[PDB]
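Presented below is the structure to which this report refers.
No lab work stands behind these numbers, since they all come straight from the coordinates. Neighbour counts are summed over all protein chains in view; Cβ atoms, including those assigned to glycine, are modelled from backbone coordinates with ideal geometry.
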C-alpha cells in the first residue's frame, strides 16, 4: 500500500510536480 | 491510481509535511 | 485518501526514494 | 456590481479574460464556453478551454510566475513555435462575472516562456516586470571603445538618414545577398541590424555578423526572412573614436576614453 | 545481428552481462535464468537474479552512478564484507540477445561502494573514472 | 610574440600527465583528440593559463571547455575518453534521423524561449600576455537593443584569451548563442537511440507536432536497457559555432 | 580652482606640498571640449561628456618621488536625473547645520527605477501619489542616507538594502499595474481599515 | 493603407497619424507635439490640436516664423467670410473608443469613435482632377456639433462637404479653386449657401437632409435596393458657383461614397467585386427621420486596399 505507490512513484511521475512546488516556494525552503 | 493522488497531491497538502521532514533531517540531506 | 497516505508516508518509507532521486538530479535542482 | 457579486453568496459566476497585446495587434481569449463582449472587444472561446494556476505575489520574481494552459492550436502562442517575436507580448488579465459589464484588472505582464508539453495542450510562463531587476546595473567601464550602442540615447545619433530600403536579390540558408549594398566599402554594414514589417506596425529584426561586398551574413540564419518582402537595413558603428568621427562625426558625444590614462596611478612605485 | 535485433520489433530478447575483473581473476554473472557462453566465457546464473537501475551520462560524476542489485551470497561482493580488497575491481558490462553470439559494451568502471541492505539482497554502487577528478 | 599553447594539449597533459594526476595513455581515443588539436591549430585558437588556485581538476577542465566550447566524456562503448567540438562541421545526410515511426516515442518539452529578454550589450574582459594588463572588448547587439526599451549589459571574464581578436570571436559566439532563441527539446526514444553520445548532433522529425526536420545536439542522457526499457534524452537546438573572423 | 598648499608636507625642508591649478569637468549635456586638455594631450580628444572629470596641473610632491594617495569628498544628486528632476523641492535633506547634504531614499529608488542611465523605465508606470507621499513623509522625518556604487551587483540587492534601511515595500500593483511603495508606519486609522 | 487603434487623448492620435504619414513617405516641413506644418506634391496644410478639438487650415507657402494660422496664402485671410476663421473639428475630451485611418500618398481619411455610437470624421486630400484643368482641388473638412443634449444635427450645425448651414464664425469644410473669375490665385472657397457670396461651393455633405442642395440627394436616398438588398455607392459631386450664380462642376471625392444604412449595421462589409469597401455611420445610429438628435442613416463609404 504505502510501499510501491508511496516511494516508487518518484520513478518518473512525482518529479515534475515536486519541481514546480520547489519553484513555487523558494524563500521558505531555500534555508532550512 | 498512482496518477492523480500520487503527484497532484503536491498541490497544497503534501508541502507542509515535506517541509517538516526537511527541517527534521538536515545533515543527512543537505549534501547529496 | 490523500491525507494519511499522501503526507504521513514521509514517516519512514518515502525518504530513501526521495534521497536517491535527489542524488539522481542535482544540477537541475541545486539552483531554483 | 463586480464587487457586490464577489461578496454575493449565490451569484458567483467567475470568468477570467486574457488580453495579449503587441502594439497595434491584440488577441482576446476567454475561459468560458461562449464569447464575451467587453469594452467593445469580443473574446474568442477556445475549443478546450484556457486556464491558469493562480497568482502569487511574494516579492520574488523567480517564484511569482504566472502559468497559462491552452490547447496546441492557440494563435498567440503559435508565433513562438519557430522563432520568438522580437517585441514582448504584453498580457493583461481581467476578471468579470457573466451578465455584468464591469471587469477588474488582476494581472499585468509579458510572455516569459512558452512550451508545448503535449500535442493537445500548452503551458505559457508569464513574468512580471519585477524580474527585470536581477541583471547587473554597473553599465560603466573605463575602456577605449565607445561603450555605447549606435543610436542609443547616449550616442544621440540619428540613423534615419542612413536607413536603406531594398529588396534582396537572393536569400540563402545563412547569407542574404543584394547588389545595392555592393556599392559600399567592406564592413560598412557590420554591426547593423535589418528591420522589416511582419504585421501591422510591428517589425522583426535580425543582425549582421559581417558585411562583405554584396553578401550579408545574418546572425542565426535567414529563416523567417521573406524572399521578396521589403527590408530596411541600418549601418553599424565599430566604436573607435576614428570610426565614430569620420563616419558619423559624433566625436563630441564619444563616450570612450582613448588616451586619457590606461595604467597611470599617483601612488605607484617609480614614476620613471 | 545485435543492432538488427535491437531494431527488430519482435525479436527483442534483452540480456545484460556483468564481468568483474581483478588482474588475473575474473568473475562472470548474467541476469538470465540460464548460463550464457560468450567469447569462451560462461556466465553463472545467480539464483535470484542480478539487476541494475540504469545508466546515466550527464557529465557529473556525483550523479552518474551505476547501481547493481544481487543476493546476499554473491561471491565478488563477499570480499568487501570484512575488508575492501586493496586493488580496484574493474567492471565491464555487455549487452546481448539470447541466440546471438555478438554483444555490445555498455558500461565500464570500478566498484565504488557496496552494502548489504537485506539478508537476501545487495546494492553495489559502481563509479566511473570521471569521479577521480574531484580531488585537488 | 605570443607562444600560445593548444588547449587540447593542456587537457591531454592534465588527463595523462604523471605529475598532475597521471592516467594511462591507452585510455584516450587518439583519433578524436588528434582531430580536435588539428582543428584548433587550424583555427589558431590558443590560450595561456597559470595554476595558483589549487582547485580540483574539474574546475580547471570546465574553464578550459567553456573557453574552447568542447565536451569531454567517457565513451560508453569503447570506454576511452573522447572529446567533441561544437562546430558546424557536419553533413546533413549522414547524421541519423529519428521519427515517430523511426525510433521516437514521445516528445514532451519544447522550451520555445523568449527574445524580448536577453542582453543587448556584452562586455568581454581578457588579459594581454604581452604586458599582463587587463583589457576588454565590447560585443554589441543593435537590433535587440532597439527592441529593449531599457539598456542591459553583462560582464564575462575570459582571462584565458591572450589576444583581442580571439576574445572577439568567442564573444560573438556567446552572443550568437544567447540571443538566437534556442529551442530545447526533451524527447523519448526507443532502442534506436542507443549509440548516441553527449554532444552528438542528430535530426528529429514529428509531423503531428508541426516540427520540421531540425538539427539538435544531445545533452543529458538517461537510458534503461533492462526493466522499463525507457530511453529518454535531453537535446538542444544546434546553434554552436566559433567564427574565424 | 586655485589650490594653494605648496608647504603642506613641510615644503622643501619636508616632503613638499600641493600647489597647482585644478579644473573640473562635470560632464553636462552641453559640456564643451576644454582647449587646454586637448592641446596638452593632443590627438582625437572627445568632450568627455556624461562623466565627471578633473584636470590637475602643478606640484604634487618634493624630495622623494613617491606621491601620496588622495581622498576627495564629493556631493551628488542634482546632476543626476538626466535633465528632468522629479519633485526637486524634497530631493535633499539637510543635516548637522547643513554640513551633510543627504538625499531622500525615495528619490534614490525612483531614480533607479526610472533612471535612463541605470536601467530606464517609463515614468508612466509609477504611481505618483504613493511615491510623493513617501517622499513627503521621509522629508518630514528628516530621514536621509548616503551611498556609493562600487559593488556592481544586481538592482535587487541595492533595492533590498534601501528598503531595509527605510523599512518600505515596493511591489507592482495588481490592479493598476504600476509600482507602488508603502511605508511601515503607525499612520492608520483603526475604523477605516477593513475587518475580516 | 488601413489602420486601427485607440487614443486616450487627441495628442495620441496626432502622434500615431503623424508616425503613419512619415512611414508612408509624407513630408512634414515642421513637426511638434501639438502643431503641424506638413505638405505633399499636391498642396500645403497645417493642423493644431486643442484640448478637445482640432484646428485645420490650408496653406500655399511656408514660413517657420509665422503662427499656425498665419502662413502665406492662409485660408483665414483669403476667404469671403468676414469672421476670418479657419476650419474646426469639434471633439470630446478623454477616451476615444477607436480610430480608423486610411492612408495614401495623396489624401488622408480618418474616422474616430470618441465613444459608443459617437463618430467624428476628419477628411483631407485633393479632389480627383478627372482630366479637368484647374489649379487647386485641395479640400480640408471637419466635424462640428451645435449643442450636446439638444438636437445634434440642427440647421446651424455644419458637416463635411455640407450644402446647407447657418453659422457666421467657423466652417466645417472648404476647398481651393485658384483664379476664379479673374481673382488672385490664392482662393480658399468655403462650403456655404446662405451667405450669397459671389463665389462659393456646395456638396452632398449632410447626405439626405430636407433642405440639402444637391441633385444627387435622391441617389443617396435610393442607394439601397429593396428587391435584392444591394447597395451602390454614389460619388460626391462638388459644385462651385461663379460670380453670377453660374455653377461649374469641379470634381469628385477620391475613394469615397455615400449610401443608406437602413439595412446595414456599422462596419458591415459588402464586398462588391475585386475591391472591398468599408461603411460607417457619420455621427450615430438612429432612425430614418431622426434628423435632429442623430445623423439618421447616412453612411460614409471608404474603399479599403
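Worth a mention:
- Within chain A, the set of residues being within 8 Å of chain C (Cβ to nearest Cβ), outside any helix (DSSP H, G or I) and within 19 Å of residue D:54 (Cα to Cα) comprises A:26 only.
- Restricting attention to segment D:152-168, the residues that are within 30 Å of residue D:229 (Cβ to Cβ), more than 7 Å from every other protein chain (Cβ to nearest Cβ) and part of a loop (DSSP other than H, G, I, E, B) add up to 10.
- The set of residues in segment E:1-48 being exposed (fewer than 12 other Cβ atoms within 10 Å of the Cβ), closer than 18 Å to residue E:78 by Cα and touching a residue at least 12 places away in the same chain (Cβ under 8 Å) consists of E:23, E:47.
- Some residue of segment F:133-151 being part of a loop (DSSP other than H, G, I, E, B), in contact with a strand residue (DSSP E or B) (Cβ under 8 Å, 6 or more places away or on another chain), facing chain D (nearest Cβ under 8 Å) and surrounded by fewer than 21 Cβ atoms within 10 Å (Cβ to Cβ): yes
- Subset of segment F:158-173 [surrounded by fewer than 20 Cβ atoms within 10 Å (Cβ to Cβ), in a helix (DSSP H, G or I) and away from every other protein chain (no Cβ under 12 Å)]: F:165
- All of F:93, F:35, F:8 fail the test of being under 28 Å from residue F:238 (Cβ atoms), touching a helix residue (DSSP H, G or I) at 6+ places or on another chain (Cβ under 7 Å) and away from chain E (no Cβ under 14 Å), apart from F:8.
- Top-ranked residue of segment D:189-198 - restricted to ones that are within 8 Å of chain F (Cβ to nearest Cβ) and part of a strand (DSSP E or B), ranked as surrounded by the fewest Cβ atoms within 10 Å (Cβ to Cβ): D:195
- Taken as a whole, the structure leaves residue D:171 outside the set of residues that are in contact (Cβ under 8 Å) with a residue 40 or more places away in the chain, more than 10 Å from every other protein chain (Cβ to nearest Cβ) and touching a strand residue (DSSP E or B) at 6+ places or on another chain (Cβ under 7 Å).
- When residues in segment D:232-256 are screened for being buried (at least 17 other Cβ atoms within 10 Å of the Cβ) and in contact with a strand residue (DSSP E or B) (Cβ under 9 Å, 6 or more places away or on another chain), 6 of them pass.
- Of all residues in segment F:232-245, those being free of Cβ contacts under 8 Å to residues at least 60 places away in the same chain and farther than 11 Å from residue E:58 by Cα number 4.
- Selection over segment G:49-102 of residues that are in a loop (DSSP other than H, G, I, E, B), within 11 Å of another protein chain (Cβ to nearest Cβ) and under 19 Å from the mean Cα position of the chain (by Cα) gives a count of 4.
- Residue that is facing another protein chain (nearest Cβ under 9 Å), surrounded by fewer than 21 Cβ atoms within 10 Å (Cβ to Cβ) and in a loop (DSSP other than H, G, I, E, B), where the choices are F:199, F:219, F:229: F:229
- Condition check for residue E:59: out of contact with any strand residue (DSSP E or B) (no Cβ under 7 Å at 6 or more places or on another chain) and either outside any helix (DSSP H, G or I) or away from chain F (no Cβ under 14 Å) (or both): no
- Among the residues of segment G:138-162, just one is part of a strand (DSSP E or B) and closer than 13 Å to residue G:91 by Cα, namely G:145.
- Tally of residues being assigned to a strand (DSSP E or B), surrounded by 16 or more Cβ atoms within 10 Å (Cβ to Cβ) and within 21 Å of the chain's Cα centre (by Cα) across segment D:199-231: 9
- Residue match in segment F:2-10 (condition: closer than 21 Å to residue F:163 by Cα, assigned to a helix (DSSP H, G or I) and in contact with a strand residue (DSSP E or B) (Cβ under 6 Å, 6 or more places away or on another chain)): yes
- Extreme residue, nearest to the chain's Cα centre (by Cα), among residues of segment D:80-118 that are closer than 26 Å to residue D:15 by Cα and in a loop (DSSP other than H, G, I, E, B): D:88
- Taken over segment H:4-32, the residue count meeting the criterion of being closer than 18 Å to residue H:107 by Cα and part of a strand (DSSP E or B) is 4.
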